[PDB]
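> I have a structure I would like to understand better, so I am pasting it below and will then ask my questions one at a time.
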Amino acid sequence: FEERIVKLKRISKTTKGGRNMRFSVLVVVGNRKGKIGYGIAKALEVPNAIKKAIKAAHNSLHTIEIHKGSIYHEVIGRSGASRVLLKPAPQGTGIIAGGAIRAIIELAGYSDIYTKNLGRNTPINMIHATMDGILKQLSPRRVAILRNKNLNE
Amino acid sequence: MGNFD
Amino acid sequence: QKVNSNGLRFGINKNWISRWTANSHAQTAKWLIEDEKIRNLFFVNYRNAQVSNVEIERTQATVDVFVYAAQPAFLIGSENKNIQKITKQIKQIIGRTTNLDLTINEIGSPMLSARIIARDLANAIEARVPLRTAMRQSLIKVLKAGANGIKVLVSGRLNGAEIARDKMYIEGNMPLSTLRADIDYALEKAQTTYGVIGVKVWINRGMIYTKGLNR
Amino acid sequence: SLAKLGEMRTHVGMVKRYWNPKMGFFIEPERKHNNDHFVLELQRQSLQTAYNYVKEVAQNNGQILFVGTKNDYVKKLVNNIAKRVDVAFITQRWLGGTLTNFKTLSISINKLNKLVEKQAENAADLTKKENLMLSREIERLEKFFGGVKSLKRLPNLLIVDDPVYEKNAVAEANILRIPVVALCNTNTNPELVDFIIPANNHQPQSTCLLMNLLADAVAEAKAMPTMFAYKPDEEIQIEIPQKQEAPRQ
RNA sequence: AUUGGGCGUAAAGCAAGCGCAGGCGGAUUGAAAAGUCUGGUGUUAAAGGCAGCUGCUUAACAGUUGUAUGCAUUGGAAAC
RNA sequence: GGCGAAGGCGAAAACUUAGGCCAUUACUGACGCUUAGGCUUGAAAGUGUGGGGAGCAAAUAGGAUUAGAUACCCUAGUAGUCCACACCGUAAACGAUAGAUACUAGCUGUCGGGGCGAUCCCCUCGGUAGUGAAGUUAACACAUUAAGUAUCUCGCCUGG
RNA sequence: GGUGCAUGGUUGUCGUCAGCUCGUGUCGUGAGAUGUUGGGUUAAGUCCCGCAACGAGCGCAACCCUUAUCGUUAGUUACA
């Protein structure tokens, strides 16, 4: 639970006689052991928006599984024309990634990883693509169970 | 879910 | 462009602050300017005294300046070193033939009096404290004091130019348009090093139904 | 044992060619009637599953909720079920968010009960106009919250007589992980409803029948007698706004 | 953008058809072995890149040993 | 609604003539898709020669409104719009969606062939539309006639 | 003396116009939408039905003053 923000954005919708300046923030929540969630919310002030985003993220959490501190098979995250790639790095290289990717992977209790940004660079789409790529990970024990070759095959 | 509790 | 809430419900739900009378248009101006010097003198000299309001009682060369404050020790001082000084200052600023015999009385639940809250906001703003946290803390303390919603709006240089960026807060039923609301109002002029900061605090202390007239 | 196949004299039939095609499992190949008939053995199996689940839920001493919104018959039906068995129920339009958000409605039901007791203790202290105004608001609140008033936590089980017409209720129930059982007619989407009951709900005779078996199933777990379930023959004969004419236009 | 992009509205499907050369291409059997894989031999100068060691008071560096990559010949495999 | 590959095709007849769909116990036996170059067709405007000119109408003249009006309006008005032989080869030549093939829920019409047969309706194989999920898309939206899952080939794009 | 293009406070205008927003939740990759829309009645977002919305604040009315009837306490420096 570090709750490190990634990108706060200054948004505003027009209105008769003035500009409704109601900026929004994005947060990442992770227990450094497998719990990951994200949440985007808007408010008139920084603390209100931060609190709302943390509540939204922590309310909707979802788990991930760890094998030697890294992803074990290469996977590409296709979501909203903004691709993010993961690769099973060897134990020594350590964490390397962009801003939002490093935030997500570090808060995921992870370790060494290889990533490369593809497509656009808007943080929300990167977060969505990375999360999709990390949750379509199909566990080796799962495919072992759903196959007749469960005995280490 | 099989059964409640 | 709205009328002051204190002056709208004045004389129909709130008693007058300076009750007195004299000969017609002869020297009431003199008393009006002289007694007011006490009212401003308290609020200027004793910031930390947390004086809420003072009542003036004049009739044919006699004066009774009632005082309501949360910390009377500052007014009294140590072993009554300050009460004599304050009473002699009031005498020197009012004259010589009028008996004074002032009193100092405690206020019940001070944290729901607008004047001292505005004074504390001005002190916090002039102390380079960021406006948001201090205003939120004061809001929390006044709400916890056991009153109704609050309406604090502050204008001035909010740590920079482009002053027209005032901040306002509302956290409960505050019907300004209702005469039968018993709404207390006060204003303070925080004086920061960059300019003038105006703080306004509206406090609701419950409805005033069945009160008949001024208490 | 439990509503033998003879008693389901009118339990199959729906409007022609409006069925969701992903339910090809339950419906046999189409015939002249063009109303998608259902297999009764799997129907009895589904009834057994629902019975043994709601019985255990009631043994857990939780809270279950009932839903009925169609025009007259199902509303009177759920009212009768509520007055017969101590069950939470909803008779008017679903208020769009009863379960997904609960703090904004618990305050409302608390206000309802507080004003009910305020009326109960007020000996005409206020004016008659003031008395009339409060009672009108009481009537308003009972019109919407007369059912869900004796609950404290989120309902751990809810029933729906028509998931298509109650897509809001089933969607809200599926936002959470709580179970839901529905009279899944041949036009619904089974991916949402947990326990599928492929029965007929447009016709009057079948909805009351299955609602009564479920009500007795939850009642028997409370020791109460079973009016329409497990009871055998020459019974289960329900008064009928006659059940005929399946096709709709 | 072979791995590693696109062509409805953002640049981009020729106005359409007949079409040779080119690319691609039904199922089964036989052979050959041009593609394909693999074993042996020859060669792919030295310096340099990589790894280890030694010597400069230690590195920069120098020396030291192994190291890839392709090509040609020869012997087999027959799934495409 | 039908046909054609596209442009397009609607008073009636005769001759010549093209392609398409359904069923095939028939036949050749991979002879099939795409296509650089090439060839053919290709709305209207326009041009060369000879006719034709009822209506309409660029250019032009006059009468109106406007400050101006060489425009919108009105009255005249030639080339042209028509036909015969050639030339020009451009259009938002639009489904803004290249061709060929296999697979992928369903519902509502409509048109043709076939079986059954008073029409209506039963269904089979096709062509043309609407609604609609998984799926795709940046969204609009497409969605068995794909902008879906894939292959083959060609053409084309690389800021204004 | 200057800077109302550094201000507080005060004030004009839309305008006594009926609007302006927030909390929770839902939908949307998003700015955002949903309440505030649709149907009736009012000067009024005033109320009532329906409705993925449920509630809340500012804003309207109401509590205030004055005129319009009567009862009562009081009778002068009114009245008679």
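Letters A, B, ... mark the chains of the structure tokens in the order given; residue numbers begin at 1 per chain; ligand numbers begin at 1, in order shown.
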If you count only C-alpha atoms (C1' of nucleotides), which residues fall within 8 Å of segment 102-108 of chain A, apart from same-chain ones fewer than 3 positions away, as JSON, numbers by chain?

{"A": [1, 2, 4, 6, 28, 29, 30, 31, 32, 33, 34, 35, 36, 64, 95, 96, 97, 98, 99, 111, 127]}

> What are the nearest atom pairs, with distances in Å to one decimal, for all residues of chain G that come at most 9 Å from chain A, using only C-alpha atoms (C1' of nucleotides), set out by chain and rising residue number as CSV?


residue,atom,partner,partner_atom,distance
G:29,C1',A:125,CA,6.6
G:31,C1',A:11,CA,7.4
G:32,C1',A:13,CA,8.5

> Quick one: write out the picked residues with N, CA and C atoms (P, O5', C5', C4', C3', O3' and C1' of nucleotides) as a PDB file, in the first residue's frame?


ATOM      1  P     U G  29     -16.086   2.416 -22.678  1.00  0.00           P
ATOM      2  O5'   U G  29     -15.027   3.278 -21.856  1.00  0.00           O
ATOM      3  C5'   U G  29     -14.258   2.686 -20.818  1.00  0.00           C
ATOM      4  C4'   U G  29     -12.805   3.079 -20.906  1.00  0.00           C
ATOM      5  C3'   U G  29     -12.488   4.548 -20.667  1.00  0.00           C
ATOM      6  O3'   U G  29     -12.416   4.873 -19.290  1.00  0.00           O
ATOM      7  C1'   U G  29     -11.342   3.793 -22.594  1.00  0.00           C
ATOM      8  P     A G  31     -13.548  11.652 -17.657  1.00  0.00           P
ATOM      9  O5'   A G  31     -13.850  13.042 -18.377  1.00  0.00           O
ATOM     10  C5'   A G  31     -12.865  14.062 -18.432  1.00  0.00           C
ATOM     11  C4'   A G  31     -13.175  15.078 -19.503  1.00  0.00           C
ATOM     12  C3'   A G  31     -14.549  15.724 -19.431  1.00  0.00           C
ATOM     13  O3'   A G  31     -14.599  16.810 -18.521  1.00  0.00           O
ATOM     14  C1'   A G  31     -14.123  15.010 -21.647  1.00  0.00           C
ATOM     15  P     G G  32     -15.638  16.812 -17.293  1.00  0.00           P
ATOM     16  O5'   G G  32     -16.964  16.160 -17.889  1.00  0.00           O
ATOM     17  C5'   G G  32     -17.819  16.895 -18.752  1.00  0.00           C
ATOM     18  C4'   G G  32     -18.689  15.975 -19.567  1.00  0.00           C
ATOM     19  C3'   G G  32     -20.039  15.621 -18.962  1.00  0.00           C
ATOM     20  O3'   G G  32     -21.023  16.616 -19.179  1.00  0.00           O
ATOM     21  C1'   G G  32     -18.976  13.650 -19.683  1.00  0.00           C
TER      22        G G  32
END

> Neighbouring residues of segment 195-197 of chain D were defined as those with any atom within 7 Å, considering only C-alpha atoms (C1' of nucleotides); residues of the same chain fewer than 3 positions away were excluded. Please report them as number ranges by chain.

D: 43, 46, 180-184, 190

> Write the selection just made, keeping N, CA, C and O atoms, as a PDB file, in the first residue's frame?


ATOM      1  N   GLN D  43     -36.458 -29.420 -15.462  1.00  0.00           N
ATOM      2  CA  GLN D  43     -37.191 -28.431 -14.679  1.00  0.00           C
ATOM      3  C   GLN D  43     -37.286 -28.856 -13.218  1.00  0.00           C
ATOM      4  O   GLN D  43     -37.039 -28.059 -12.305  1.00  0.00           O
ATOM      5  N   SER D  46     -33.883 -28.512 -11.574  1.00  0.00           N
ATOM      6  CA  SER D  46     -33.616 -27.124 -11.213  1.00  0.00           C
ATOM      7  C   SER D  46     -34.411 -26.712  -9.979  1.00  0.00           C
ATOM      8  O   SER D  46     -33.901 -25.987  -9.115  1.00  0.00           O
ATOM      9  N   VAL D 180     -28.319 -15.075  -7.226  1.00  0.00           N
ATOM     10  CA  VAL D 180     -29.654 -14.686  -7.662  1.00  0.00           C
ATOM     11  C   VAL D 180     -30.273 -15.850  -8.423  1.00  0.00           C
ATOM     12  O   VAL D 180     -29.597 -16.527  -9.203  1.00  0.00           O
ATOM     13  N   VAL D 181     -31.557 -16.093  -8.176  1.00  0.00           N
ATOM     14  CA  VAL D 181     -32.325 -17.105  -8.889  1.00  0.00           C
ATOM     15  C   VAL D 181     -33.463 -16.409  -9.621  1.00  0.00           C
ATOM     16  O   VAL D 181     -34.094 -15.492  -9.084  1.00  0.00           O
ATOM     17  N   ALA D 182     -33.705 -16.827 -10.860  1.00  0.00           N
ATOM     18  CA  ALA D 182     -34.675 -16.157 -11.710  1.00  0.00           C
ATOM     19  C   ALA D 182     -35.484 -17.178 -12.489  1.00  0.00           C
ATOM     20  O   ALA D 182     -34.992 -18.266 -12.806  1.00  0.00           O
ATOM     21  N   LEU D 183     -36.731 -16.816 -12.795  1.00  0.00           N
ATOM     22  CA  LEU D 183     -37.605 -17.632 -13.636  1.00  0.00           C
ATOM     23  C   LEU D 183     -37.199 -17.427 -15.094  1.00  0.00           C
ATOM     24  O   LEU D 183     -37.877 -16.770 -15.887  1.00  0.00           O
ATOM     25  N   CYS D 184     -36.062 -18.019 -15.441  1.00  0.00           N
ATOM     26  CA  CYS D 184     -35.410 -17.758 -16.720  1.00  0.00           C
ATOM     27  C   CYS D 184     -36.281 -18.308 -17.839  1.00  0.00           C
ATOM     28  O   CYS D 184     -36.197 -19.485 -18.193  1.00  0.00           O
ATOM     29  N   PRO D 190     -28.851 -16.433 -19.987  1.00  0.00           N
ATOM     30  CA  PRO D 190     -28.481 -17.246 -18.816  1.00  0.00           C
ATOM     31  C   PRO D 190     -27.098 -16.954 -18.256  1.00  0.00           C
ATOM     32  O   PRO D 190     -26.792 -17.435 -17.157  1.00  0.00           O
TER      33      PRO D 190
END

> Write down, as a list in words, each residue of chain D that has any atom within 7 Å of an atom of chain B, counting only C-alpha atoms.

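Within 7 Å of chain B on chain D, we get residues 53, 57 and 60 of chain D.
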
> For the residues in that selection, give me C-alpha atoms as a short mmCIF file (atom, residue, chain, number, x, y, z; two decimals), in the first residue's frame.


data_model
loop_
_atom_site.label_atom_id
_atom_site.label_comp_id
_atom_site.auth_asym_id
_atom_site.auth_seq_id
_atom_site.Cartn_x
_atom_site.Cartn_y
_atom_site.Cartn_z
CA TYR D 53 -30.09 -23.93 -1.78
CA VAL D 57 -29.68 -20.13 3.11
CA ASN D 60 -28.01 -19.84 7.91
#

> For residue 95 of chain F, please output as a ChimeraX atom specification all residues within 12 Å (counting only C-alpha atoms (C1' of nucleotides); exclusion window: fewer than 2 positions along the same chain).

/E:8 /F:97,145,147

> Mind giving me the straight-line distance from atom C1' of residue 6 of chain G to atom CA of residue 128 of chain C in Å, one decimal?

18.6 Å

> Which residues are close to residue 16 of chain D, i.e. within 8 Å by only C-alpha atoms (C1' of nucleotides), leaving aside same-chain residues fewer than 6 positions away? Reply as a PyMOL selection string.

chain D and resi 34-36+247-248

> Using C-alpha atoms, can you export the residues from the last selection as a PDB file, in the first residue's frame?


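As written to disk, selection.pdb reads:
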ATOM      1  CA  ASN D  34     -43.665 -22.616 -32.153  1.00  0.00           C
ATOM      2  CA  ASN D  35     -43.710 -21.953 -28.409  1.00  0.00           C
ATOM      3  CA  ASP D  36     -40.414 -23.271 -27.062  1.00  0.00           C
ATOM      4  CA  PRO D 247     -48.898 -15.880 -28.324  1.00  0.00           C
ATOM      5  CA  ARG D 248     -48.335 -12.088 -28.006  1.00  0.00           C
TER       6      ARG D 248
END

> Give me the residues near residue 151 of chain C as a ChimeraX atom specification, where near means some atom within 8 Å (using only C-alpha atoms (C1' of nucleotides)) and where sequence neighbours in that chain fewer than 5 positions away do not count.

/C:168-171,174,201-203

> Save the residues we just selected, C-alpha atoms, as a PDB file, in the first residue's frame?


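Printed below is part-v1.pdb as written:
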ATOM      1  CA  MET C 168     -16.145  28.928  -0.423  1.00  0.00           C
ATOM      2  CA  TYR C 169     -17.456  26.030   1.675  1.00  0.00           C
ATOM      3  CA  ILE C 170     -20.949  24.953   2.786  1.00  0.00           C
ATOM      4  CA  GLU C 171     -21.663  21.911   5.002  1.00  0.00           C
ATOM      5  CA  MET C 174     -27.807  27.532   6.230  1.00  0.00           C
ATOM      6  CA  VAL C 201     -17.785  33.465   8.343  1.00  0.00           C
ATOM      7  CA  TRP C 202     -21.504  32.690   8.630  1.00  0.00           C
ATOM      8  CA  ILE C 203     -22.561  30.556  11.612  1.00  0.00           C
TER       9      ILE C 203
END
